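J.:
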Amino acid sequence: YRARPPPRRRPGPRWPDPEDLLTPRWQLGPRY
Amino acid sequence: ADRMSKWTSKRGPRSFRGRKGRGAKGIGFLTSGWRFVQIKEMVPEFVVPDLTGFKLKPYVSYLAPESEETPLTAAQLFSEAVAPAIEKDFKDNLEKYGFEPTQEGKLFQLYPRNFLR
Amino acid sequence: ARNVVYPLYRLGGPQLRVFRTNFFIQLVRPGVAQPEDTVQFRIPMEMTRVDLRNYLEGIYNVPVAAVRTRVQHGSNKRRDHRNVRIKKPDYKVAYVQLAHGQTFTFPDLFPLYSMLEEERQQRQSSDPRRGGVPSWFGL
Amino acid sequence: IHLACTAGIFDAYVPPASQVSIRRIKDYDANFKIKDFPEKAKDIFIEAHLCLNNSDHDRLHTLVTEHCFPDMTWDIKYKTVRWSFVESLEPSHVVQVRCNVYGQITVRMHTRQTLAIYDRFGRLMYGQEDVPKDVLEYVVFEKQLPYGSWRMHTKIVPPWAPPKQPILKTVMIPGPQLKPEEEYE
Amino acid sequence: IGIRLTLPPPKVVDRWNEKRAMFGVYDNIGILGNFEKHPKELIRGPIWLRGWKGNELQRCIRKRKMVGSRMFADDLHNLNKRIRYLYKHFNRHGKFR
Amino acid sequence: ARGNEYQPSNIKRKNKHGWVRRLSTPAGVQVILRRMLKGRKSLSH
Amino acid sequence: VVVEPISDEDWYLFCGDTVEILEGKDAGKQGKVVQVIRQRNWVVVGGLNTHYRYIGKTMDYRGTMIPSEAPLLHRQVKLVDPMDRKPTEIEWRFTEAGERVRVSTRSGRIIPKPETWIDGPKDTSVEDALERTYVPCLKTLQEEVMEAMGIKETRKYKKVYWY
Amino acid sequence: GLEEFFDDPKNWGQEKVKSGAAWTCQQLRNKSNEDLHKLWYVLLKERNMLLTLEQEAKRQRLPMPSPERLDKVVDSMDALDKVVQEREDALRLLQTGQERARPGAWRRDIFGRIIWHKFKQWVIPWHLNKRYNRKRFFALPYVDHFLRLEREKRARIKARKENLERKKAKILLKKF
RNA sequence: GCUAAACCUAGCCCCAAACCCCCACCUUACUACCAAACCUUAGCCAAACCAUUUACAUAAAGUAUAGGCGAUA
Numbered sequence: 025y026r027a028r029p030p031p032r033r034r035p036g037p038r039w040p041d042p043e044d045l046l047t048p049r050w051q052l053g054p055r056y
Numbered sequence: 015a016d017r018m019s020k021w022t023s024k025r026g027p028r029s030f031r032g033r034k035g036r037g038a039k040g041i042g043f044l045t046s047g048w049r050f051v052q053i054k055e056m057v058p059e060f061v062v063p064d065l066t067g068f069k070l071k072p073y074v075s076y077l078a079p080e081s082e083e084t085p086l087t088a089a090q091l092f093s094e095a096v097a098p099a100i101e102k103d104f105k106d113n114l115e116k117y118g119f120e121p122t123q124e125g126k127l128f129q130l131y132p133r134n135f136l137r
Numbered sequence: 002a003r004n005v006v007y008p009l010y011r012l013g014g015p016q017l018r019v020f021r022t023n024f025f026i027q028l029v030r031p032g033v034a035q036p037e038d039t040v041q042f043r044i045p046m047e048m049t050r051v052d053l054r055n056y057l058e059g060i061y062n063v064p065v066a067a068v069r070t071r072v073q074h075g076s077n078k079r080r081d082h083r084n085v086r087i088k089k090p091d092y093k094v095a096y097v098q099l100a101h102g103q104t105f106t107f108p109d110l111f112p126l127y128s129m130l131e132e133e134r135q136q137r138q139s140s141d142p143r144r145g146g147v148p149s150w151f152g153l
Numbered sequence: 076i077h078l079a080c081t082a083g084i085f086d087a088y089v090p091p117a118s119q120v121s122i123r124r125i126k127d128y129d130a131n132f133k134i135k136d137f138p139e140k141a142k143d144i145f146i147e148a149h150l151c152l153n154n155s156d157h158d159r160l161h162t163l164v165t166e167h168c169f170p171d172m173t174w175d176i177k178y179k180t181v182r183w184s185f186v187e188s189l190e191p192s193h194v195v196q197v198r199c207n208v209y210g211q212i213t214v215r216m217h218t219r220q221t222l223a224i225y226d227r228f229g230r231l232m233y234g235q236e237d238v239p240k241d242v243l244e245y246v247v248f249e250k251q252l255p256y257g258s259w260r261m262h263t264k265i266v267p268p269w270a271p272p273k274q275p276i277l278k279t280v281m282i283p284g285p286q287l288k289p290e291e292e293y294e
Numbered sequence: 032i033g034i035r036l037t038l039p040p041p042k043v044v045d046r047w048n049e050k051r052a053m054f055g056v057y058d059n060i061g062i063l064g065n066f067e068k069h070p071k072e073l074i075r076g077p078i079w080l081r082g083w084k085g086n087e088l089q090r091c092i093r094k095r096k097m098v099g100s101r102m103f104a105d106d107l108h109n110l111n112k113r114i115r116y117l118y119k120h121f122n123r124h125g126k127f128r
Numbered sequence: 048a049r050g051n052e053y054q055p056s057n058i059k060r061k062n063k064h065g066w067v068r069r070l071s072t073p074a075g076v077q078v079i080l081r082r083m084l085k086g087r088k089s090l091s092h
Numbered sequence: 044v045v046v047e048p049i050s051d052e053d054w055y056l057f058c059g060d061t062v063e064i065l066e067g068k069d070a071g072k073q074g075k076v077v078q079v080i081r082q083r084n085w086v087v088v089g090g091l092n093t094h095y096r097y098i099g100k101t102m103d104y105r106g107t108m109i110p111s112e113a114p115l116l117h118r119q120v121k122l123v124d125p126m127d128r129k130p131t132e133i134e135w136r137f138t139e140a141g142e143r144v145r146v147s148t149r150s151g152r153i154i155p156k157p158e169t170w171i172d173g174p175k176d177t178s179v180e181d182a183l184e185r186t187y188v189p190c191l192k193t194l195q196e197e198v199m200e201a202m203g204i205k206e207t208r209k210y211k212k213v214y215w216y
Numbered sequence: 063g064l065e066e067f068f069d070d071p072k073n074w075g076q077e078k079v080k081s082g083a084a085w086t087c088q089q090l091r092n093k094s095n096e097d098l099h100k101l102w103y104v105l106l107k108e109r110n111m112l113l114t115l116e117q118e119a120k121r122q123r124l125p126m127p128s129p130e131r132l133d134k135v136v137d138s139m140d141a142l143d144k145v146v147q148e149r150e151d152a153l154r155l156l157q158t159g160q161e162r163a164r165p166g167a168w169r170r171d172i173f174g175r176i177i178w179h180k181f182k183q184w185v186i187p188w189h190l191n192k193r194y195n196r197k198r199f200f201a202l203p204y205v206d207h208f209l210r211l212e213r214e215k216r217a218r219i220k221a222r223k224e225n226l227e228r229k230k231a232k233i234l235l236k237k238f
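Chains as they are written, first to last, in the deposited numbering: chain q, 25 to 56; chain 9, 15 to 106, 113 to 137; chain U, 2 to 112, 126 to 153; chain d, 76 to 91, 117 to 199, 207 to 252, 255 to 294; chain i, 32 to 128; chain 2, 48 to 92; chain V, 44 to 158, 169 to 216; chain Y, 63 to 238.
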């Protein structure tokens, strides 16, 4: 029983595409 | 009080019982003095064939070859009907092949549907 | 036809025609004896005296003299185990008096278990002389 | 319903030249000798009747036929049966051989046996407990002509044999009874 | 009568299943993983209490202000009613005050 | 002995609680909408 | 009632197959399947798995007894090789003869799949139920029957306001 | 005359009649149109005979001789409609494009539901009818709330069934 | 000894994830066919009455601030 691969931070910058209406407002301005 | 039961001609006071017919169709109108006038043009006069010499019968023989369902898709009908005609005539306007730009003229319109069944 | 929308009529139109009829007619032995000229039909509830007269005259070639129709109320007091009223359909019964003095009467239609029979006839039922003993033992 | 049996008997031999039946029967199995039938017949008879004392319900199902199980079991139900075979004088033997299509054989036995059947309260009602009485019997075995077991189909009573044993119980037989108007005339 | 007469079928518990043979693997992803992660962000479940504990009132306030704009109407009315009641109770009822 | 409070009449049925009395004012459409929410089978007489 | 999910593709047994049982009553005996009931997975086998039942049972009357064939589950019973004489698992292996056919696992053997009348007074002859009397027509049924039977009509259909 | 309402007398009370094969949709598609009409009325005569026979048998309490015949012809009858209707469809498009013969539109009933209003035939134009314009075809705002509720209700139902579905499967995989 | 006891899937609760769904029917609904929608939320409940007043991610912080400077906000 090889345990599941260990959790990690997603390896790279998070660029949420601006189309979907769910992308929270704070994750779209210049501060982020 | 009988809320659930279907509401039909047999329930209300005399006015209701008179008014609400059933699925039976009308054939004419009500002229003054409660007289009825029936029109020969609203009676669905049947058409029937002459069954003389008819070789087809209600049941097909079990021995007949088994088949497969291929519904008459529009392009299939157009092919079978026109494709030889267009092929032959194109070597020398569309009303000459069967098209009908409008339908108001002929008695058996397709859309809206006028002929019954 | 039934369950179809009909072309409407305006003064001078063409004659309404049904080239492939939908109606289905059955006929029944009357419950109380009828005149010898009367035939009793059940016809669908979306049908009229004129329709039935033309229907018979056109399809069957039976000359009709008069038609009178009556709509029977099916009973709605017969409750399922849930206590739900269950209503069997209303129907329409048409009395059709034929013409030319003809006569009519509904004719009288309708004018693995061998083992059980054979084993019952040879069952060798209790012989009361035996008084209850198993007979079979030849000993 | 694939009955293991043969309804009735095609030709039940009358109690006091059949090689075509042998050819039509032994072919369907191709391994059998009629002279191997006497020993098997006596063995199946004695073991089945012993099982009748046992009341091993499944074993009786396997040994006897459908037309033979229930009639025996119902009577034997709720009453002990102390059957017992003892030394025999006459070897049994085939009487004949008979051929959808299931075959029949018959066997003649002359045995020495004992019965003792007791009421459900333990009281004797038939037979004597230990008297070894001689018996003569005609028994038909049916053969399901795949893996047809050679079961005991039935026993047949001959009309020229002495009647049954007496019964230790007293019995009435009400015959002509009265009616509310019809007199005993 | 408050007792049964037949023993239930004996449940088979596989003590060496998958989800029992790993209960706690990566439950120390921080102290020996360079502190990249936190065990908070290993626990699946509701979005409003991934790593948070409070009493019923605080829990329902969090449910409201964090997912109370995607939740069906009748549920939302029940929730607002629940906040009103738990406010009244926690703030005006009890032995200690 | 009492209990004669209700002498039935269909005119009053269909002209006090009918489908074309609920749909005559908005509150009636509130009633019919409530009743087809709750899943009833008698939405209005 | 638990019946494991086995689809038609995953299922192998059919009505009329040579079937030998693995467990239960009458172990290791061969027979035929009169019916396969996929909805509840009943496998009736001739004379095998039989249980004897009383028919005609009243409070006193006993009637007869018959060996009703108790149906069998598909895992309890496998097919029979007509040559090797061994129940082998039916692993669906594609073959040139047939893409879907029962192929044995122990040996490369393909097991086949088990599965009259006369015209009456009111039945059509076959050669008259296939005549290609249809010529491709753009006219509907109504126009064609009216032209064929000579029905006449010239009054025009007046305009109507659909809505 | 009326004798066509009962089959040939030799079949009376027979308890079994050789029934042929119900027509098949393709087997009719192979046929012409006039023959199609004639065969339709033939089947009408048969269906009348069989329905009368069923009613009489039910009246006597004697068993229906061979009921399957009725079912067969009904299927044939249904098939026949399809065939001619197919040609109807295969003409509508090929001369008007419309996918439905009876004209209609999409509207919002007074309760907000999206409903397909099939049109009725009238002989005065719609704008001065008095019973048509009493029939609301718009949604006032107070309806909107209930729409939400309805949707939510449906969502719940969906969820439950979907949820329950997998549980069954899960329990099955815990047996094998 | 009767009456009774006794059971275990039908299904359901909370989450995640995913955006969701032929004919007749506003006239007396389920009946083929004729001259008008927008306007604060209310007061129970706390203040031991009641009259101003009184809730609809994390930390800053129950801090600035309001308040019969009070309950509370």
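Cβ coordinates follow ideal geometry from the N, Cα and C atoms, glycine included.
From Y187 (chain V) to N95 (chain Y), what does the alpha carbon distance come to, in whole angstroms?
T.: Sequence index remark: in the seventh sequence, residue 187 (chain V) carries index 134 (1-based). Sequence index remark: in the eighth sequence, residue 95 (chain Y) carries index 33 (1-based). Using only the alpha carbons, I get a separation of about 7 Å.
J.: Kindly indicate which three-state DSSP category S184 (chain d) falls into: helix, strand or coil?
T.: By 1-based counting over the fourth sequence, the position of residue 184 (chain d) is 84. Looking at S184 (chain d) - three-state DSSP - the assignment turns out to be strand.
J.: Which whole-angstrom value is the C-beta distance of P114 (chain V) and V123 (chain V), which I expect to be below 8 Å?
T.: To locate residue 114 (chain V), count along the seventh sequence from 1; it is residue 71. To locate residue 123 (chain V), count along the seventh sequence from 1; it is residue 80. The pair is not a contact, with the Cβ atoms about 18 Å apart (cut-off 8 Å).
J.: Since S147 (chain V) sits in a beta bridge, which residues does DSSP pair it with?
T.: Taking the seventh sequence and counting its residues from 1, the one referred to as residue 147 (chain V) is at position 104. According to DSSP, which records beta bridges pairwise, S147 (chain V) is partnered with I133 (chain V).
J.: So, is the C-beta of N57 (chain 2) closer than 7 Å to a C-beta in chain 9?
T.: Translated into the one-based positions of the sixth sequence, residue 57 (chain 2) becomes position 10. By this cut-off, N57 (chain 2) is an interface position.
J.: Locate the beta strand (DSSP E) running through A97 (chain 9), then write down its first and last residues.
T.: As a first step, residue 97 (chain 9) must be located in the second sequence, where it is residue number 83. Taken as a continuous stretch (DSSP letters only), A97 (chain 9) belongs to no beta strand (DSSP E), being part of the alpha helix (DSSP H) at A88 to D103.
J.: Tell me which same chain residues have a C-beta within less than 7 Å of the C-beta of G13 (chain U), skipping the five on either side of it?
T.: Taking the first residue of the third sequence as 1, we reach residue 13 (chain U) at position 12. Correct list: empty, nothing qualifies.
J.: What runs of the beta strand (DSSP E), each 3 residues or longer, lie entirely inside the segment 33–65 of chain U?
T.: 39–44
J.: Terminal residues of the continuous beta strand (DSSP E) containing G210 (chain d)?
T.: Along the fourth sequence, one-based indexing puts residue 210 (chain d) at 103. Here the beta strand (DSSP E) through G210 (chain d) covers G210 to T221.
J.: With 7 Å as the threshold, decide whether the Cβ of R143 (chain V) is near any Cβ in chain d.
T.: Locating residue 143 (chain V) in the seventh sequence gives position 100, counting from the first residue. Interface criterion not met: the Cβ of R143 (chain V) is under 7 Å from no Cβ in chain d.
J.: Could you check what DSSP says for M129 (chain U) in three-state terms: helix, strand or coil?
T.: As a first step, residue 129 (chain U) must be located in the third sequence, where it is residue number 115. Helix.
J.: Label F169 (chain d) either buried or exposed according to how many other C-beta atoms from any shown protein chain fall within 10 Å of its C-beta, with 16 as the threshold for buried.
T.: Working through the fourth sequence from its first residue, we reach residue 169 (chain d) at position 69. Flag for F169 (chain d) reads buried.
J.: Give the straight-line distance between the Cα atoms of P40 (chain i) and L234 (chain Y), rounded to the nearest whole angstrom.
T.: Stepping through the fifth sequence from its first residue, residue 40 (chain i) is reached at position 9. Stepping through the eighth sequence from its first residue, residue 234 (chain Y) is reached at position 172. Each residue's Cα considered, the two are about 17 Å apart.
J.: Any idea which residues DSSP pairs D241 (chain d) with across the strands?
T.: If you number the fourth sequence from 1, residue 241 (chain d) lands on position 134. Beta-bridge pairing links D241 (chain d) to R219 (chain d).
J.: What is the rounded straight-line gap between the Cα of residue 164 (chain V) and the Cα of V74 (chain 9)?
T.: Residue 164 (chain V) falls within a stretch that is absent from the model, since chain V runs 158 to 169 with no residues between.
J.: Looking only at its own chain, which residues have a Cβ that is under 6 Å from the Cβ of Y88 (chain d), when we skip the five neighbours before and after it?
T.: As a working note, residue 88 (chain d) is residue 13 in the fourth sequence. Excluding sequence neighbours, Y88 (chain d) sits near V195, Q196 and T213.
J.: Could you name the residues of the same chain whose beta carbon sits closer than 8 Å to that of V146 (chain V), not counting the 5 residues immediately before and after it, in chain order?
T.: Residue 146 (chain V) sits at position 103 when you count from the first residue of the seventh sequence. Cβ within range, chain order: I133, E134, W135, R136, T138, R152, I153 and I154.
J.: Determine whether the beta carbon atoms of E249 (chain d) and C151 (chain d) lie at a separation below 7 Å.
T.: As a working mapping, residue 249 (chain d) is identified with position 142 in the fourth sequence. As a working mapping, residue 151 (chain d) is identified with position 51 in the fourth sequence. Result no, Cβ atoms of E249 (chain d) and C151 (chain d) do not sit closer than 7 Å.
J.: Jot down the residue ranges of each uninterrupted beta strand (DSSP E) in the segment 63–135 of chain V, minimum 3 residues, whole runs only, in chain order.
T.: 73–80, 85–88, 93–98, 107–112 and 120–122
J.: Are the CB atoms of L222 (chain d) and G210 (chain d) nearer to each other than 7 Å?
T.: Your numbering for residue 222 (chain d) matches position 115 in the fourth sequence. Your numbering for residue 210 (chain d) matches position 103 in the fourth sequence. No.
J.: Tell me, please, which residues DSSP counts as bridged to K264 (chain d).
T.: Here the question's residue 264 (chain d) lines up with position 155 in the fourth sequence. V246 (chain d), per the DSSP bridge assignment.
J.: Going by DSSP, name the residue or residues bridged to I177 (chain Y).
T.: Start at 1 with the first residue of the eighth sequence, and residue 177 (chain Y) comes out as number 115. Under DSSP, the beta-bridge partners assigned to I177 (chain Y) are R169 (chain Y).
J.: Can you tell which of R95 (chain i), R115 (chain i), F66 (chain i) and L107 (chain i) has the C-alpha that lies nearest to the C-alpha of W79 (chain i)?
T.: Along the fifth sequence, one-based indexing puts residue 79 (chain i) at 48. Answer by Cα proximity: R95 (chain i).
J.: Does the beta carbon of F200 (chain Y) sit closer than 7 Å to a beta carbon anywhere in chain 2?
T.: Against the eighth sequence, residue 200 (chain Y) aligns to sequence position 138. No, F200 (chain Y) lies away from the interface with chain 2 (no Cβ there is under 7 Å from its Cβ).
J.: Under 8 Å, with one C-beta from each stretch per pair, do the segment 55–73 of chain 9 and the segment 48–55 of chain U reach the 3-pair mark?
T.: yes
J.: Count the other CB atoms, across all protein chains shown, that sit within 10 Å of the CB of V238 (chain d); report buried if there are 16 or more and exposed otherwise.
T.: Here residue 238 (chain d) is taken as the residue at index 131 of the fourth sequence, counted from 1. Counting Cβ neighbours within 10 Å, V238 (chain d) comes out exposed, since fewer than 16 surround it.
J.: Between the segment 205–218 of chain Y and the segment 173–180 of chain Y, are three or more C-beta pairs nearer than 8 Å?
T.: yes
J.: Here's the rule: buried if 16 or more other CB atoms are within 10 angstroms of the residue's CB, otherwise exposed. What is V186 (chain d)?
T.: As a first step, residue 186 (chain d) is located in the fourth sequence; it is residue number 86 there, counting from the start. Exposed, because fewer than 16 other Cβ atoms sit within 10 Å of the Cβ of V186 (chain d).
J.: Listed from N- to C-terminal order along the chain, which residues in the segment 187–210 of chain V have their beta-carbon within a distance smaller than 9 Å of any beta-carbon of chain Y?
T.: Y187, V188, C190, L191, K192, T193, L194, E197, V198, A201 and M202
J.: Can you tell me where the alpha helix (DSSP H) with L99 (chain U) in it begins and where it stops?
T.: Stepping through the third sequence from its first residue, residue 99 (chain U) is reached at position 98. No alpha helix (DSSP H) contains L99 (chain U), which is instead part of the beta strand (DSSP E) from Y92 to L99.
J.: When the distance is taken between beta carbons, is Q160 (chain Y) closer than 7 Å to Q27 (chain U)?
T.: Locating residue 27 (chain U) in the third sequence gives position 26, where the first residue counts as 1. Locating residue 160 (chain Y) in the eighth sequence gives position 98, where the first residue counts as 1. Against a cut-off of 7 Å, the Cβ pair of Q160 (chain Y) and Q27 (chain U) comes out as no contact.
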